[PDB]
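Just one chain follows, in the form deposited in one PDB entry, and it is written as structure tokens.
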């Protein structure tokens, strides 16, 4: 899932993490009043979209730039009038852009030192790890390739929690000196407790900075959430902003389905993440291009099968469909019943290659054999990929 900047910074602020004081505004006049309520020497106005590159974006109203600084609340409102309701395009959005319904109006703050600080679930370390570097403001992967000696880590015991010793040591390795070190360590501690509270897989702060006035502030941040914890994170997941996700993926999610759209013309209807990846791979190997990744999982119900199959027949790029099921917990007959129900309402007009094996395979083949649909039968995964690629080429 995804949170807007104002949502993640509110979540951080409500949990003791120091961020820039800010208001969110739905209108230009609200933005102008927000600027006044702040009573700050300088103000930053930021368009609220999930994509990146907001600095170099351009609105369909002409305003070049999604982030602006001014000392005058009047300029904040003047700029906001060109943002709200107007589509903001950037290097990482579609050329159309994203309708900006909200802008953030926050106290601008001078940054006298930039550091990197994150907390993540580290598979290698079997639990949470603090990751920090005094080299702030750049891709941490670029720091790990150029200057791995400047990447500092602490392994946090999940039951003991972060120790003061660990927070202090990380504050020191990031360059924080004297009073600023105690500030930094207490923020590190609060970020770690937030990370656990919200079932994050990662909380990344960059820059984790100092201001000339001696404040430690989280200036920008990104939070990745564990989808598996949605059942105990209803409030946070309610805030999920799906407005920038690919539309078929959004549809699939409504039915607990994992769909990732690709660039090809051969649709894939597969169970299992590994078999689904391997089906995309073997289509490529045999000269085709897959249209999507789809992981039909666990105890599929007929209605989910039906809906998922329709996600494929509605993509305009699809010129053939490859169904490849190796059922263990997935019941092949439920797949067969869901597919036939979907096809009864479609004209199809696309080749349909079908490979089925595993649980209840025999009943499923009878359903398909009696359906009257033009199905191309496949004996194995290679045969299915070759037949799918041939049918469109």
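Rigid core here is just the name for the largest C-alpha set that superposes within 1.5 Å across the two forms. Positions refer to the first chain, counted from 1.
Engineer: Which has higher Cα B-factors on average according to the PDB entry: 301-309 or 134-142?
Structural biologist: According to the entry, 134-142 carries the higher average C-alpha B-factor.
Engineer: Of 78-86 and 189-197, which one has the bigger average CA B-factor?
Structural biologist: Looking at the record's C-alpha B-factors, the answer is 78-86.
Engineer: Highest Cα B-factor in the deposition, which of 39, 365, 331, 340?
Structural biologist: Spelled out: the listed residue with the top C-alpha B-factor is 39.
Engineer: Looking at 47, 335, 361, 352, which has the highest Cα B-factor in the entry?
Structural biologist: Among 47, 335, 361, 352, the highest C-alpha B-factor in the entry belongs to 47.
Engineer: For residue 175, does the deposited CA B-factor place it in the lowest, middle or highest third of the chain?
Structural biologist: It belongs to the middle third of the chain when residues are ordered by C-alpha B-factor.
Engineer: Could you look up the Cα B-factor of residue 287 in the entry and say which third of the chain it sits in: lowest, middle or highest?
Structural biologist: Middle third.
Engineer: Mind checking which third residue 216 falls in for C-alpha B-factor across the chain?
Structural biologist: Tercile = middle for this residue's CA B-factor.
Engineer: Compared with the other modelled residues in the chain, in which third is the CA B-factor of residue 184?
Structural biologist: Within its chain, residue 184 is a middle-third residue by C-alpha B-factor, going by the deposited values.
Engineer: Mind checking which third residue 111 falls in for C-alpha B-factor across the chain?
Structural biologist: Tercile = highest for this residue's CA B-factor.
The next section is about a form of this same protein that is not shown, the form deposited in another entry.
Engineer: Of 247, 214, 161, 299, only one moves its C-alpha by 2 angstroms or more between this form and the one not shown once the rigid core is aligned, so tell me which.
Structural biologist: It is 299.
Engineer: Taking the rigid core as the reference frame, is the Cα of residue 16 displaced by 2 Å or more between this form and the one not shown?
Structural biologist: No.
Engineer: Taking the rigid core as reference, does the Cα of residue 37 move 2 Å or more between this form and the one not shown?
Structural biologist: No; that C-alpha moves by less than 2 Å between this form and the one not shown.
Engineer: Kindly check if the Cα atom of residue 336 is displaced 2 angstroms or more between this form and the one not shown relative to the superposed rigid core.
Structural biologist: Result for residue 336: yes, a 2 Å-plus shift.
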